Amino acid sequence: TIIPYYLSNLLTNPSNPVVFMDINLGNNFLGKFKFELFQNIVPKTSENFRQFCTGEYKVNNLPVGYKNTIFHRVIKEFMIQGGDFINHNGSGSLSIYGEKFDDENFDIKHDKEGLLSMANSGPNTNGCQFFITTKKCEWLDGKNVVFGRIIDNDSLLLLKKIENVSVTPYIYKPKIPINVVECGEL
């Protein structure tokens, strides 16, 4: 059919929210992540993520979000994670429900690549850090909550590019910083 696909035609659930993050390798553009948040099934956490993308929050009545953040952990063949606007090293934690919150559920499976999941430190530790599966990691079904997914093949290529960035041997931190310059909602 000769026709531009609308934002909905790319989602699994047309009524679902869509955000994005602009990625720059060090200082140069790399691509744009287009994530579909699962508000339908995971409305509690789903909102927590969207909130940080657009900048709907305050820390001492100030603006808080995923902007100017980075991906502090890139593990090839496994996943990339970041979104620690608090410390920027993988320590900070916060949410639109305090500084942590319960695991809404584990209905969604880490069956494929490109899934957004909540990086926690034990059960019910969902904070502001998220990770994007780069390969299916079933064994996480029950430990982490899948609350989103990339929607197009361009977000998939960017994910692969990042996954390959050279990192520091044991900590897995990218040598040439991978930062989220801009982000919001589509």
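The rules behind the values
Residues numbered from 1 in each chain as written, not as in the entry; some residues may be left out. Heavy atoms only, no water. Residues with missing side-chain atoms left out of burial classes, pairs and counts. UniProt positions renumbered as here; feature names shortened; annotations may be inferred. Buried < 20%, exposed > 50% of the residue type's maximum accessible area, 1.4 Å probe, protein only. Helix = DSSP H or I, 4+ residues; strand = E, 2+ residues; numbered from the N terminus. Pairing = 2+ DSSP bridges. Contact = heavy atoms within 4.5 Å. Expected span 1.5 Å × (residues − 1).

Where the PDB entry is consulted, the protein chain appears under the name cyclophilin, with the organism given as Plasmodium yoelii yoelii. What the PDB record gives as the title of this entry is "Crystal Structure of cyclophilin from Plasmodium yoelii". The annotation that UniProt attaches to the protein chain under Function (unreviewed entry) is "PPIases accelerate the folding of proteins. It catalyzes the cis-trans isomerization of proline imidic peptide bonds in oligopeptides."

Turning our eyes to something else, we now look at the pairing of strand β1 (residues 18-25). Burial of β1 is extensive: 7 of the 8 residues sit out of reach of the surface. As paired strands, β1 and strand β2 (residues 28-37) are joined by 8 bridges and run antiparallel to one another. For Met21, the partnering residue across the bridge sits in β2 and is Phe33. In this sheet, strand β9 (residues 178-185) lies alongside β1 in antiparallel orientation, the contact comprising 7 bridges. Bridging from a neighbouring strand, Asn24 pairs with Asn179 of β9.

This part takes up the environment of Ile176. Locating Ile176 in the fold gives a position in the loop between α2 (153-164) and β9. For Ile176, a relative accessible area of 48% gives the class partly exposed. Along the sequence, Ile176 and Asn120 sit 56 residues apart, while their C-alpha atoms lie 25 Å from each other. Excluding residues that lie within four positions of it along the chain, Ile176 makes contacts with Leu25, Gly26 and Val165.

Attention shifts here to helix α1 (residues 43-54). For the α-helix, the turn length of 3.6 residues means that residues three or four positions removed from each other point alike. With 12 residues, α1 extends 16 Å from end C-alpha to end C-alpha; this agrees with the ideal 16 Å at 1.5 Å per step. Among the residues trailing α1, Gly55 stands out with phi positive, at a value near 95 degrees.

Right, let's get into the pairing of strand β6 (residues 115-118). Burial along β6 is two-sided: the face carrying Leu115 and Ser117 and the face carrying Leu116 and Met118 are both buried. Judged from the 3 bridges that link them, β6 and strand β7 (residues 130-133) form a sheet pairing that is antiparallel. Within the sheet, the bridge partner assigned to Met118 lies in β7 and is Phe130.

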